[PDB]
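Notes follow the structure.
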There are 2 protein chains.
Amino acid sequence: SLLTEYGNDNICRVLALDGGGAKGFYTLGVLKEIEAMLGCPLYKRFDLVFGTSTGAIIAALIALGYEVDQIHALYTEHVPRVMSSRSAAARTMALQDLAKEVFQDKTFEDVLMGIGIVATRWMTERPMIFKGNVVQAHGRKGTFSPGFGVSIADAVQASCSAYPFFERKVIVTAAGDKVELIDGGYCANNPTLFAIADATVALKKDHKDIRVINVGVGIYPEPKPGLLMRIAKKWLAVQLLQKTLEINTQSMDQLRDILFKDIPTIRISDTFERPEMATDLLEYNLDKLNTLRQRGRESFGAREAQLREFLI
Amino acid sequence: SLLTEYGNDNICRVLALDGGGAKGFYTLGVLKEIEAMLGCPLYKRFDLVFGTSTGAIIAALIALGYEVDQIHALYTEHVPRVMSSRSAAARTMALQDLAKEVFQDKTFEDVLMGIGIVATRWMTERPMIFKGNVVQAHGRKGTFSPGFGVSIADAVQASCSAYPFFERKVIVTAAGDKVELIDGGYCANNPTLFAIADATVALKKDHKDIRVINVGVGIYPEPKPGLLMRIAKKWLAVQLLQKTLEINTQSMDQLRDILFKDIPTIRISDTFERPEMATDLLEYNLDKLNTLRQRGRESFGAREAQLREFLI
Ligand SMILES: Nc1ncnc2c1ncn2[C@@H]1O[C@@H]2COP(=O)(O)O[C@H]3[C@@H](O)[C@H](n4ccc(=O)[nH]c4=O)O[C@@H]3COP(=O)(O)O[C@H]2[C@H]1O
Ligand SMILES: Nc1ncnc2c1ncn2[C@@H]1O[C@@H]2COP(=O)(O)O[C@H]3[C@@H](O)[C@H](n4ccc(=O)[nH]c4=O)O[C@@H]3COP(=O)(O)O[C@H]2[C@H]1O
């Protein structure tokens, strides 16, 4: 049904997807409406998609040409099960199962658009960004291999490996370098700035010719310690994890606005008074998470006129 | 003794100081040597100083015209006592005592150079940066008040209030807005990028005419859970706090390098195999912390030739 076709212009259209546990049902609600407004799969209209943690799941599926409805079905099938886990080993196994089943043996040579999948290096404590094409590399292009030769499953699993509650994910690059990786949300749970870095620096696009759409997971009432103590034994570490991720997400958006006022950007992550959920790490109740789909469609509707102007 | 005088050029010299508990003895070791190499108090040569958490203590004293030896004496007198606290209430009281005793009733109208003191808004989860002069504001300059009318004590206490282990610090701005603030290290424990944002965007300085010096606290062997379990009851939250702060520090440096390759910058935060310490929150043993002073002087000596070229 997504038969609408678009001409080519010199405008770089960038999509940046936040991480947020199983609450990306909100993200998919926003994306569904953007898809139906365009009349084409998202990879045809967007030049670059960045994602972090469970947002990298969506970003990778978009880059492989999936339609949002297909993404929603896979996301429903696998993401809540990961978050329902209540042991580190169960969480890591659930996540490994998701990665292989969803992405199989696809690689970063298989993508149909620019991509960036953000993880965090345990050793250097700096990001490792799996990319698809050398033209968005900022250096060392003689040794560039798409995705470091790593499969999309391993890159997405790394992006999601929120140690200490998941195991760290060990990777060996095509150049023969072994790296231990953890969740990308520690350095850029909101990956918009990173995506902009590719567009401005690596793709040499002028700020006038960039359109950025950054979709989050939405903002909901924070779980209080009384609830957290009943479901998590390390409740304070669980709360600290959530609060720090939120700060990283919001402060990253403020920094983008400070440094890149002249880059047209729409961020979609509205505040709601329901549902009352656990943290991103722990929430898996599909009855609550499915209502985030509607909330995402509501957030699109509040911005549809400007989104039409961005994406044409 | 600091009698050397320097002419005026159009080069913006920027100093950016990481947070790191009581381990800023390392920072002061680096700064002592920079001071003695210059022959003047740091505020005469530097145009802008940014600091976060215990690094904002040093940055504020530099901005008030203190000499590094004076800063070291105050830092020794008050910072380790804060970190020796083993209850939230004891920590918050120790920190309040430090703020008032060290800075008394000085305000952001009392500074002798540009300053930025970074804290984190609990509500918006975005930075609140206390500044001294409207010319480094990026907007809303009609309502600008130096430091929001807040005293340096309250701004530095806010920058250091690492909730959940300190209480959040309540502030009322000169415009009559009340804000709850926590440690700046949650959004920019390394404040170099923020400082660069002021120099490039707000001060309209060309990248060629900026010199950035970013001093950290150094990198040391990480405490393992066996040790942490013996000194902290919420040891996993304590470890997560340290690891996330480190990632914020190092990833912030990587992002600066990606976005601002053409801004001359020196970062000084070397790796050492001793001393073995607790996390930044918990370490207070002066016998260990005092050896960081020597390590900071060693780190300066490895970069003295290039530091001479930066600062003349
Ligand atoms: N848009 C951005 N926003 C914020 N930070 C960014 C961004 N881009 C890079 N970085 C950081 O800068 C460091 C060096 O980047 P370089 O581009 O200069 O060199 C690249 C490239 O040549 C090659 N390579 C990259 C991707 C791939 O799929 N295959 C592959 O071969 O490896 C190096 C990447 O390694 P890391 O990713 O581990 O480290 C990066 C990252 O920490
Ligand atoms: N260099 C930077 N790097 C990264 N982020 C930055 C930087 N600078 C600002 N921001 C962020 O951008 C938001 C809006 O900044 P604006 O400069 O546009 O307006 C300012 C100013 O007009 C006025 N004001 C500022 C300081 C002072 O001592 N008295 C005073 O009156 O208040 C607003 C500040 O409030 P916050 O600090 O709470 O929010 C900031 C911050 O989140």
Side-chain angles (χ1 to χ4, degrees), chain A residues 88 118 120-129 137-139 162-165 182-188 190 193-194 196-198 200-202 219 222 225 232-262 271, chain B residues 88 118 120-129 137-139 162-165 182-188 190 193-194 196-198 200-202 219 222 225 232-262 271:
Chain A
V118 183
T120 301
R121 295 165 163 269
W122 179 260
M123 297 294 261
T124 67
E125 290 165 325
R126 295 167 185 259
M128 179 162 182
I129 303 167
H138 304 238
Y163 184 88
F165 306 103
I182 68 178
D183 198 290
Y186 285 121
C187 58
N190 165 8
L193 242 189
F194 289 13
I196 287 172
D198 262 6
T200 58
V201 177
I219 304 183
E222 278 308 280
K233 281 66 197 67
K234 300 289 190 170
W235 65 268
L236 185 70
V238 160
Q239 183 167 69
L240 180 65
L241 174 68
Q242 178 70 29
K243 196 68 187 177
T244 51
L245 269 152
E246 293 174 7
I247 293 165
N248 177 274
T249 305
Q250 305 295 137
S251 293
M252 192 72 81
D253 181 66
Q254 193 67 43
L255 184 53
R256 171 200 58 75
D257 188 63
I258 283 295
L259 295 172
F260 294 102
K261 257 321 215 173
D262 73 341
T271 301
Chain B
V118 183
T120 301
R121 295 165 163 269
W122 179 260
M123 297 294 261
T124 67
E125 290 165 325
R126 295 167 185 259
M128 179 162 182
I129 303 167
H138 304 238
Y163 184 88
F165 306 103
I182 68 177
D183 198 290
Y186 285 121
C187 58
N190 165 8
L193 242 189
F194 289 13
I196 287 172
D198 262 6
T200 58
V201 177
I219 304 183
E222 278 308 280
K233 281 66 197 67
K234 300 289 190 170
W235 65 268
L236 185 70
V238 160
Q239 183 167 69
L240 180 65
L241 174 68
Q242 178 70 29
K243 196 68 187 177
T244 51
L245 269 152
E246 293 174 7
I247 293 165
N248 177 274
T249 305
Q250 305 295 137
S251 293
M252 192 72 81
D253 181 66
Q254 193 67 43
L255 184 53
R256 171 200 58 75
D257 188 63
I258 283 295
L259 295 172
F260 294 102
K261 257 321 215 173
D262 73 341
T271 301

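Residue numbers start from 1 in every chain, and the chains themselves are labelled A, B, ... in the order their sequence lines are given, proteins ahead of strands. As a basis for the values below, the full set of heavy atoms in this structure was taken, side chains included, without hydrogen atoms, waters or symmetry mates.
Heavy atoms closer than 4.5 Å to chain A are found in the side chain of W235(B), but not in its backbone. Contacts of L241(A) with chain B are made by both backbone and side-chain atoms, with heavy-atom separations under 4.5 Å. For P164(B), the part lying near chain A is the side chain, with the backbone staying farther off; criterion is any non-hydrogen pair under 4.5 Å. Of the two parts of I196(B), neither the backbone nor the side chain holds a non-hydrogen atom closer than 4.5 Å to a non-hydrogen atom of chain A. There is no contact between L245(B) and chain A, counting heavy-atom distances below 4.5 Å. If you measure heavy-atom distances from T249(A) to chain B, you find no contacts under 4.5 Å at all.
Contacts with chain A were tallied for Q254(B), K243(B), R126(B), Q250(B); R126(B) has the most, counting heavy-atom pairs under 4.5 Å. The choice from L255(A), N248(A), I219(A), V201(A) that makes the most heavy-atom pairs within less than 4.5 Å of chain B is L255(A). Counting heavy-atom pairs under 4.5 Å between each of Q239(B), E246(B), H138(B) and chain A puts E246(B) at the top.
Among residues two or more places apart in sequence or in another chain, the salt bridge (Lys or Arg N to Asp or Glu O under 4.0 Å) test is passed with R256(B) by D253(B).
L259(A) and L193(B) make their closest contact through CD1-CD2, 4.3 Å (heavy atoms, listed as atom of the first residue, atom of the second, distance). Nearest heavy-atom pair, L240(A) versus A237(B), reported as atom, atom and distance to 0.1 Å: CD2-O, 3.3 Å.
Rounded to the nearest 0.5 Å, atoms CD1 (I129(B)) and CD1 (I258(A)) are 7.0 Å apart.
Side chain of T244(A) to backbone of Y186(B): no donor-acceptor contact under 3.5 angstrom is found.
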